[PDB]
Structures are given as structure tokens and as C-alpha cells.
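So the protein sequences, as listed, match chains B and A. Numbering-wise, the first sequence is residues 2 to 9, 11 to 217 according to the authors' numbering. Numbering-wise, the second sequence is residues 29 to 161, 169 to 213, 216 to 269, 275 to 296 according to the authors' numbering.
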Amino acid sequence: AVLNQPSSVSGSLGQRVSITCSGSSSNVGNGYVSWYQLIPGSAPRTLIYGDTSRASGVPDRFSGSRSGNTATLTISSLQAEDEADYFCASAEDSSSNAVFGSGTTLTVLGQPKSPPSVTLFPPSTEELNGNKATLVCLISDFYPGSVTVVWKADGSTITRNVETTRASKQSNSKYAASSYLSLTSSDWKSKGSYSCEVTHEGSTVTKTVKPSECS
Amino acid sequence: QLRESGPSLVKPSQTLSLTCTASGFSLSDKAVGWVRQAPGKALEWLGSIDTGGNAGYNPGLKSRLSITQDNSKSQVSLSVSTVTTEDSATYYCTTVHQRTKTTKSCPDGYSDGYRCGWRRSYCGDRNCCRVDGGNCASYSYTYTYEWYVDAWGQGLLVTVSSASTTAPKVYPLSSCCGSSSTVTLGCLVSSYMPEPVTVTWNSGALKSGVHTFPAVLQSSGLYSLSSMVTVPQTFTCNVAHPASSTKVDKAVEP
């Protein structure tokens, strides 16, 4: 038995949003609901306990309430830092038996779009001595969190041996991603130049390296 | 600050054992709990041990859980027996508030004596009596089970799997010959399994301008991550892969 939350909600900057937490009379109806905020990378943060009490350092923008078997977390004056996964919780039948909600991911709309910063690293001399060459394309500080990566060598698109990560949230609510071109030492020295082309919101940022001068 | 320590990889059907210590205060005065989150799942309660030595567990997992504690060394342990791939999760050590409140009350329209008339003598001491405005009623008892997590540890990622461990190869990253005012360096942590890997710079003395990226997963099952630093001097990245007991301090020179 787990508590029912919406999988995702969204609000605009400066506005307010509500997250519901529906259970039975055994858990939520018991009258002692807690709320927790999970931001990727950081440790989980206790927001609310005892339905309405705020934990230490929790601003009044976070307000908990409950009507019977349904608890609600209300977040006012939404900011980009509020984007996180929110979980409700309650004891059931015992103070040592806690049940968690399904979890709600909060998206704050209206944030300014940000182009990606791109850094393209050549393979190192040590890796080249092992007859391998990895080109590392690091993409950071873009919003919204979706980019398309295209690799090119001497004007031709590279599809084989390309691996690109998902976009992952940064601390500033911006996103990061990386793309790896795994070549051999000979493939690296064969071409005249390699390019990592990152497209974001119709705009493309391109960084290039040339094996003749990366030595 | 709560610190979880234990193995990053454990084989199926083995016993996963973790320990928790606090930095800054004593765990002797607090009730210590364990919470985990499997990837792509919600938070899941495991159990706790309170100041009185009593242990309570998630009923669904009670037969596989054991939470003990040592009060001389100020340490709390967690044991999960016969682990399976479902037990892969990030495990958090917590301090929890646990309390059961009992409330005694007469039912609606009943009192402990006032305005009961003849019913006060007829109902007796043990029961409530009907108020003007059945003849008797017994006391009702409402229980409020208070639970919440006071403090959270940072969490320890534990992967359960029968696959082998591959140590990473750490390579220095730097721009090519041919400039920019702020030099950008990096470190490539190539072809390792399983997660996680930690990266610091100059033994933790360098934090401004550091950007460590999440890992990529190749089809071979091996992971690779990179960490870059922007500096407007010696630079060394400290890579640690606990699953293979590997620790590499790679010097990076432009």
C-alpha cells in the first residue's frame, strides 16, 4: 500500500501549485503527514511534518494541509529552485511503519531559455598509446533540457561508435549532457578534423578539433 | 551530518550490510532509521531502532531486514538478507521522530458526568453517560502514530548484480595546441562498471569552476564520465571507484 500522488505537476514562476496525497483512513487519515523534497545530487530535505509544521529553514512558501484522507502540499511564489521530486509520507498502524507516496515531479514554467556551452576535448596521449581515442563533448548550462548532438569528420556525419547521455538537471535548474565518440588511434589520425555539433532550440553550437594540431 | 558506509556492489543472494555514523552530534540520543530508493521507484521505508533499543521494520520486508546498533562507538547497522536485483537502490541513513499519541474521549453526545441526570449513577465510572440536548457508552481511544525524518544522509548507492567489476582508466583532458584566457582542463574516467565514481580536484581544495558530468552507458555495459575545470598552478583530479577498490590521482598538464 502506497500513497497516491500525481506523477507530474507544473506551475509558472511566481505562481502557486498544489500536490495532492491521497490515502486511506489508516495512513493519511491518521492525521500526521510529512513532506519531503528531493533534488538530484543533494540529499533529501524534510519540508513538512505533522500535516502543517515546517521543518527548520523551510520557508513559508511551502504549506501543508489535510482534509480527511487527502493531504496537500502547496508551494507559493514558485522559483526555479523548487523544481524537484516531492514525496508525502505517513505512519500506518505503528510509529515504526512508514509509507511513502508515489512521488510528484515539479516543473516550473517561464524560465529563461539558455544556450548550451560546449567543450570538445581531444584524446589524450596515454589513451592514444593504447591504440584508442575518445573524443569528449561536454554540454552544459542549457534550458530547456533537450539537445541534439551530431558528430562530423571532414564534412561527413559520424553515426557509428557514438554515445550521448540524457539531459540531466544541474544545480541552477539548467541542464547538462555529454557525448562520446569512441574511436581507435588510427581512426583519429586518419581524418583531418572532427566536429561536435550541438543543436538547442533551433540554434547550433559547434566545436572542432584537428588531429594534426592536437598532439 | 549522517554518513553511510558499505559495499557498492553485492552479489545476488548475499547479505547487504551497511553502517551509519554521524559527524557533528551523537546518534546515542536519536532514533536512527533507514530509507532506500530504487532507480525509477519511490522512497521506501526499511526500519529504525529507537533510543530504547526497540526495532521496527517495514512489514513487507521484515523477514529480510535486521537493524542493530552500537552505542559505545555510536554506530547503527543495517542488514538485508538474500538480496536480489530489486534491492539495487540508494540507501539513506536518517534520524527519525517516532511517537504514539493516545487520546481518550467520550462519544458524541456523551459526557463523563455533566448533565447526565439519572444516567450518571446508572452508567458508572468506567463508561460515559448520555447528555440531554443509547443510555451509556464506553470511552473511545484514538491513536496518532507520529513519524517523520529529521535529518537525511547523502545516501550510498548499492548495486546488486552478478556481473564483474571493471576498473576505470583515467586520462587527462586539455585543449589542443592553438589563446583562450581561461584554460579548461579535465579528466576522463573511461570504461568502468559498476557505478558510482567520485571525482575531486587537488584533494578537494579546488571546487570553484568544477563541473563533473553524469556517466554515459555504452552497450558493452561499461560506464564513462568526465569532469572539467575552468581556471582563469597544478591540477590533479582524484578519481575513486569503490567497487574495484581503485583510486587514481591523475596529474593534468596543459
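For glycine and all other residues, C-beta sits at the position ideal for the given N, C-alpha and C.
Residue i at chain A interface by Cβ criterion, 9 Å
{"i": "residue 82 (chain B)", "result": "no"}
{"i": "residue 38 (chain B)", "result": "yes"}
{"i": "residue 126 (chain B)", "result": "yes"}
{"i": "residue 7 (chain B)", "result": "no"}
{"i": "residue 68 (chain B)", "result": "no"}
{"i": "residue 95 (chain B)", "result": "yes"}
{"i": "residue 162 (chain B)", "result": "no"}
{"i": "residue 198 (chain B)", "result": "no"}
{"i": "residue 183 (chain B)", "result": "no"}
{"i": "residue 56 (chain B)", "result": "no"}
{"i": "residue 140 (chain B)", "result": "yes"}
Rounded Cβ spacing between residue i and residue j (contact assumed at less than 8 Å)
{"i": "residue 93 (chain B)", "j": "residue 34 (chain B)", "result": "6 Å"}
{"i": "residue 106 (chain B)", "j": "residue 21 (chain B)", "result": "5 Å"}
{"i": "residue 290 (chain A)", "j": "residue 222 (chain A)", "result": "Residue 290 (chain A) to residue 222 (chain A), Cβ: 16 Å. No contact."}
{"i": "residue 119 (chain A)", "j": "residue 71 (chain A)", "result": "That pair is no contact at about 11 Å."}
{"i": "residue 73 (chain A)", "j": "residue 82 (chain A)", "result": "Incorrect: roughly 16 Å between the Cβ atoms, too far for contact."}
{"i": "residue 120 (chain B)", "j": "residue 198 (chain B)", "result": "7 Å"}
{"i": "residue 17 (chain B)", "j": "residue 88 (chain B)", "result": "Contact doesn't hold; Cβ gap of about 16 Å is too wide."}
Those residues which DSSP pairs with residue i across a bridge
{"i": "residue 25 (chain A)", "result": "Not covered by the structure: residue 25 (chain A). The range shown for chain A is 29 to 296."}
{"i": "residue 39 (chain B)", "result": "B:47 and B:88"}
{"i": "residue 207 (chain A)", "result": "A:224"}
{"i": "residue 199 (chain B)", "result": "B:152 and B:208"}
{"i": "residue 187 (chain A)", "result": "A:122"}
{"i": "residue 127 (chain A)", "result": "A:181"}
{"i": "residue 176 (chain A)", "result": "A:132"}
{"i": "residue 89 (chain A)", "result": "In the DSSP output, where bridge partners are listed per residue, residue 89 (chain A) has none listed."}
{"i": "residue 172 (chain B)", "result": "Paired residues: none, contrary to the question."}
{"i": "residue 23 (chain B)", "result": "B:73"}
{"i": "residue 115 (chain A)", "result": "Partner(s): none; residue 115 (chain A) has no beta bridge."}
{"i": "residue 55 (chain B)", "result": "B:51"}
{"i": "residue 122 (chain B)", "result": "B:139"}
Contact with chain B by residue i, beta-carbon distance below 9 Å
{"i": "residue 291 (chain A)", "result": "no"}
{"i": "residue 125 (chain A)", "result": "yes"}
{"i": "residue 63 (chain A)", "result": "yes"}
{"i": "residue 72 (chain A)", "result": "yes"}
{"i": "residue 50 (chain A)", "result": "no"}
{"i": "residue 253 (chain A)", "result": "yes"}
{"i": "residue 204 (chain A)", "result": "yes"}
{"i": "residue 86 (chain A)", "result": "yes"}
{"i": "residue 268 (chain A)", "result": "no"}
{"i": "residue 262 (chain A)", "result": "yes"}
{"i": "residue 67 (chain A)", "result": "no"}
{"i": "residue 76 (chain A)", "result": "yes"}
{"i": "residue 250 (chain A)", "result": "yes"}
{"i": "residue 225 (chain A)", "result": "yes"}
{"i": "residue 190 (chain A)", "result": "yes"}
{"i": "residue 214 (chain A)", "result": "Since the model of chain A includes 213 and then 216 but nothing between them, residue 214 (chain A) has no atomic positions to report."}
{"i": "residue 276 (chain A)", "result": "no"}
{"i": "residue 114 (chain A)", "result": "no"}
{"i": "residue 119 (chain A)", "result": "no"}
Buried versus exposed, by CB contacts within 10 Å (16 or more), residue i
{"i": "residue 32 (chain A)", "result": "buried"}
{"i": "residue 68 (chain B)", "result": "buried"}
{"i": "residue 176 (chain B)", "result": "buried"}
{"i": "residue 91 (chain A)", "result": "exposed"}
{"i": "residue 231 (chain A)", "result": "buried"}
{"i": "residue 129 (chain B)", "result": "buried"}
{"i": "residue 135 (chain B)", "result": "buried"}
{"i": "residue 285 (chain A)", "result": "buried"}
{"i": "residue 227 (chain A)", "result": "buried"}
{"i": "residue 51 (chain B)", "result": "buried"}
{"i": "residue 168 (chain B)", "result": "exposed"}
{"i": "residue 194 (chain A)", "result": "buried"}
{"i": "residue 123 (chain A)", "result": "buried"}
{"i": "residue 86 (chain B)", "result": "buried"}
{"i": "residue 225 (chain A)", "result": "buried"}
{"i": "residue 251 (chain A)", "result": "buried"}
{"i": "residue 176 (chain A)", "result": "exposed"}
{"i": "residue 43 (chain A)", "result": "exposed"}
{"i": "residue 150 (chain A)", "result": "exposed"}
{"i": "residue 124 (chain B)", "result": "buried"}
{"i": "residue 212 (chain A)", "result": "exposed"}
{"i": "residue 292 (chain A)", "result": "buried"}
Closer than 8 Å: residue i CB and nearest the ligand FAD heavy atom
{"i": "residue 168 (chain B)", "result": "Among the ligands in the structure shown, none appear at all, so the ligand FAD cannot be discussed."}
Three CB pairs or more closer than 8 Å across the stretch 181-200 of chain A and the stretch 138-145 of chain A:
Flag = no, the stretch 181-200 of chain A and the stretch 138-145 of chain A do not touch.
Please determine if the stretch 55-71 of chain A and the stretch 90-107 of chain A are in contact, where contact requires at least 3 C-beta pairs separated by less than 8 Å.
The stretch 55-71 of chain A, when compared against the stretch 90-107 of chain A, does touch it at the 8 Å Cβ threshold.
Are the stretch 139-147 of chain B and the stretch 104-122 of chain B in contact at 8 Å, needing three or more beta carbon pairs?
Yes, the stretch 139-147 of chain B touches the stretch 104-122 of chain B.
Kindly confirm or deny that the stretch 62-69 of chain A and the stretch 125-132 of chain A touch, where touching means at least three C-beta pairs closer than 8 Å.
Not touching, per the Cβ criterion.
Taking 8 Å as the cut-off, does the stretch 52-63 of chain B touch the stretch 71-89 of chain B (at least 3 CB pairs, one atom from each stretch)?
Judged by Cβ distances under 8 Å, the stretch 71-89 of chain B makes contact with the stretch 52-63 of chain B, as three or more pairs qualify.
Any chance the stretch 232-243 of chain A sits against the stretch 149-159 of chain A, with 3 or more Cβ pairs inside 8 Å?
Using a Cβ-Cβ distance cut-off of 8 Å, the stretch 232-243 of chain A and the stretch 149-159 of chain A are not in contact, since fewer than three pairs of beta carbons, one from each stretch, lie closer than that value.
Segment contact, 8 Å Cβ cut-off, at least three pairs: the stretch 175-183 of chain A with the stretch 193-209 of chain A:
The stretch 175-183 of chain A vs the stretch 193-209 of chain A: no contact.
Taking 8 Å as the threshold, find out whether the stretch 183-203 of chain B comes into contact with the stretch 151-164 of chain B through three or more Cβ pairs.
Touching, yes, given that three or more Cβ pairs across the two stretches are closer than 8 Å.
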